Every structure is written in structure tokens, then in C-alpha cells.
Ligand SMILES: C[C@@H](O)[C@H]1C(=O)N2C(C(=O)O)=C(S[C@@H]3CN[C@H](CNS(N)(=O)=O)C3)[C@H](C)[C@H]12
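A lone chain, given as C-alpha cells: the form deposited without this ligand.
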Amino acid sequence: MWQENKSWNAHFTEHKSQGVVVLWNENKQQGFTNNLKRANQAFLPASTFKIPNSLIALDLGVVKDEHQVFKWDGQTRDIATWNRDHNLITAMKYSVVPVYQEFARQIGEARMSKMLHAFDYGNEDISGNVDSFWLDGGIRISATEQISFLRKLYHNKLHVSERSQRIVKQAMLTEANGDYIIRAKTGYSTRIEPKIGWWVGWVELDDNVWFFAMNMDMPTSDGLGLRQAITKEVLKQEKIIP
């Protein structure tokens, strides 16, 4: 049910980087990865936590819907896309950290904790600040655990309303053409070593869906584009996308 395929290491070697790509064929119920040990290694989720965060905030009424505007607080920060107004969809696309830090503060630690235990999310530990634990706190999740989380989301089986799950899957939209749809979330763990980049989500085809979760060492922000590029190369190699 899980098969190791180190063909894909060649895609990490070229860009002088290392990491893990994990695919899951949903129809056949079979998993593939270049490195099953790192596949089960738990790191900080970083901005991939915006997926469970969105669900909790929506199911609790902190966020009314995907159209609610969240005004910029006036403190100009070092990423240009952060210094403007945002809704749920744009706050996710640009990983607007302070928007989600406000969601977290209003969710509170007690309710945040019960929801992560309900979601089966990683080690389910929110040690640290409630508004930064996914960046520098105790939470840990492996790539396989990301897949398990994403499958429950895809099947509307997480312990939230169907409406919350449909909104977040709508917000996860990244790319779509006549061949496929990609719903995913990027992540850049920047505050605690090892600095790693994430990309987790799934590829919707006509007659299948392929879940993926990847992470890789990211010692510099100049390598962030590799997260999508390397994962697409693996998808191309396994004829999943043209």
C-alpha cells in the first residue's frame, strides 16, 4: 500500500536540494514516495496550518464567509502583499500571517486544542502562543499525516460542517485548466531550524484524484519556487499531468 520510488531523488539532486514528495492514488488506495522515512518525519506545518485554521475559524463564526474583508492594521510589513486588505481567499494565496494570527487569537487555546484532537492533526500540540504555534511552537506533522488530513477534508469527513470544508477547499484553489485542478497550500518554516518549505494538496483529474504532500530543505527564500517545480516534475514523470 506504500511503495518507495527513489527515481524521484533525481529531481532533488539537480537543484542541489533534498526533501520528500508523497503521492497517494485515491482510486487504487496506494501511496508513493521517494523516501518513506522522511515521508513520516514531522515538522512544523508553517503556513500549511492555514488549512485547519480556516476550518476552525469558519466553523466557529470567527470568519463569516470567504467574502468578509479583513482590513489592514496599518503596520507595513516586509512582504508587499501583506500590506493591504484581504478576504479568506487572498489571505490564503499570499499566506498573510497576521490575518490568521487574529483568527487564532479569537479561536482561543481551549477551542484550538479540541479541534486539532478532533482533526487528528499531527501531534495535536499547541504549545507556545496560540497565534504563532504553527511557526515557532510545539505542533508537528508529517507529510503522510498531511495526506491523511487532506483525504478527510476532500471527503467532507473532518469534524466540522460540510460548509466549512467546502469553503476551505474553494480557498485552496491554486491552478486549473482543461487537464487538471490543483488545490494546495504553500508553507515556509522560517523561525525554527531546520528551515523547510511545504507544499500539500491534491490534483483533481477527470476520473481520479492524486493527493500530494511535499517538504524540502529551504535554507534561503530564493529556493521557494522549487516547491511547485519539483512536485510538478514528479507528477509529469508519473503521467499524472501533461
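For every residue, the number given is its place in the sequence shown, counted from 1. Take the two forms, find the largest set of C-alpha atoms that superpose within 1.5 Å, and that set is the rigid core.
RMS CA shift, core-fitted in 7 other deposited structures of this protein, bigger for 187-195 or for 43-51: Of 187-195 and 43-51, the stretch deviating more in 7 other deposited structures of this protein is 187-195.
Mean CA temperature factor from the deposited coordinates, higher in 32-40 or in 46-54? Higher mean C-alpha B-factor in the PDB entry: 32-40.
Mean Cα B factor from the PDB record: higher for 212-220, or higher for 183-191? The recorded data point to 212-220.
Going by the entry, which of 162, 78, 145, 102 has the most elevated CA B factor? By C-alpha B-factor in the record, 78 ranks first.
Can you tell me which third, lowest, middle or highest, the CA B-factor of residue 74 falls into for its chain? Answer is highest: the recorded C-alpha B-factor places it there.
Split the chain's modelled residues into thirds by Cα B-factor; is residue 200 in the lowest, middle or highest one? According to the entry, residue 200 has a C-alpha B-factor in the chain's lowest third.
Considering only modelled residues of the same chain, in which third does the CA B-factor of residue 68 rank: lowest, middle or highest? For residue 68, the deposited C-alpha B-factor lands in the middle third.
Considering every modelled residue of the chain and its Cα B-factor in the PDB entry, is residue 59 in the lowest, middle or highest third? Lowest third of the chain for residue 59's C-alpha B-factor.
Another form, the form solved in complex with this ligand, is not on view; read the next lines as being about it.
Should residue 28 be counted as a contact of this ligand in the deposited bound form, where contact means heavy atoms within 4.5 Å? Contact check for residue 28: yes, within 4.5 Å of this ligand in the deposited bound form.
Contact of residue 239 with this ligand in the deposited bound form (heavy atom, 4.5 Å): Residue 239: yes, in contact with this ligand in the deposited bound form.
Though only this chain appears here, would residue 206 touch this ligand in the deposited bound form if you measure heavy atom gaps against 4.5 Å? Because a heavy atom of residue 206 falls inside 4.5 Å of this ligand in the deposited bound form, the answer is yes.
Taking this ligand as it sits in the deposited bound form, is residue 32 near enough to touch it, meaning that at least one heavy atom pair lies within 4.5 angstroms? Result yes; residue 32 sits at the interface with this ligand in the deposited bound form.
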